[PDB]
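Novice: Below: one structure in structure tokens.
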Amino acid sequence: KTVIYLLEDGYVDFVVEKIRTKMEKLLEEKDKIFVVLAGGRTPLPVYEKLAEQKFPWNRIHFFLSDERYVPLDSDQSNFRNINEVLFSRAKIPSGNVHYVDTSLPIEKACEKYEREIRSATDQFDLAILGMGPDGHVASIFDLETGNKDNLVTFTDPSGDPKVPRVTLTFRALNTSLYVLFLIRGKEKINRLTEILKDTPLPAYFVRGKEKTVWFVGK
């Protein structure tokens, strides 16, 4: 099923508490858990507070949902931004953090990341995703991209900044037991209403195997 929380106040705190609870439940059941993270303006503040929680970080493995094909120290890099708020703030083992190596030619960066994901797990436990004001998810802007028969693919220059992207596909995202979307404001609410009326925006196709949850602010 899908659950939508409409929040007026205390957005970040509420989201962090829900994520905390879920992650703690997962860890009662399983030795290691596997978590997919989007970048962007809404997830980052949530990660910043998650980094402060007392988790057994050695049991938690993290994967980017997508990456901009730019240097990893660029302010446009999802790695840099999530490293700043989470990976460099919580004491997560290096081996537990998985990202796109944009120093490689883009196809090779994709294949390397695909191999790493496969090696780590056949199933994500949790995906924490944003959605753009156009309905895009991860760096899936077009349905062809999301439908690619791979776990990881790449795009032509797309989105803003308009740069090539490496992204997990619908296939990869949809192995997640729980998919959480974190959105705020009127435009993204408008896109969510379109999704409720079966408009095939990219985000429409990403569902958790157990549950899809939207945390909607504003």
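Read-outs: derived from the displayed coordinates by stated rules, not from any lab. Note that we place each Cβ from the backbone using ideal geometry, even for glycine, and neighbour counts take in every protein chain shown.
Novice: Compare the peptides 5-12, 29-36 by average per-residue count of other Cβ atoms within 10 angstrom and give them in order, highest first.
Specialist: 29-36, 5-12
Novice: Further question on the same structure: Out of residues 5 or more away from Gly130 or on other chains, whose amide H comes under 5 Å of its own, with H placed 1.01 Å from N in the peptide plane?
Specialist: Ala38, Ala138, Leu182
Novice: Right, next: Determine the principal axes of the Cα atoms in the chain, then give the extent along each, sorted from largest to smallest and rounded to whole angstroms.
Specialist: Taking the Cα atoms of the chain, the three principal extents are 44, 40, 31 Å.
Novice: With n ≥ 4 as the cut-off for DSSP H runs, can you work out [θ] at 222 nm for the chain, using -39500 (n - 2.57) per run divided by the number of residues, rounded to the nearest 500?
Specialist: Mean residue ellipticity at 222 nm (helix-derived): -8500 deg cm²/dmol.
Novice: Search the structure for amide H atoms under 5 Å from the amide H of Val70, placed 1.01 Å from N in the peptide plane, and list their residues when 5 or more places away or on another chain.
Specialist: Result for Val70 returns nothing.
Novice: So in the chain, what percent of DSSP beta bridges are antiparallel if you round to the nearest 5?
Specialist: Bridges in the chain are about 25 percent antiparallel.
Novice: Moving on to the next point. Which shape class applies to the stretch 60-159: rounded if a/c is under 1.5, otherwise prolate when a/b exceeds b/c and oblate if not, where a ≥ b ≥ c are the square roots of the Cα gyration tensor eigenvalues?
Specialist: Rounded, because the longest to shortest axis ratio a/c is under 1.5.
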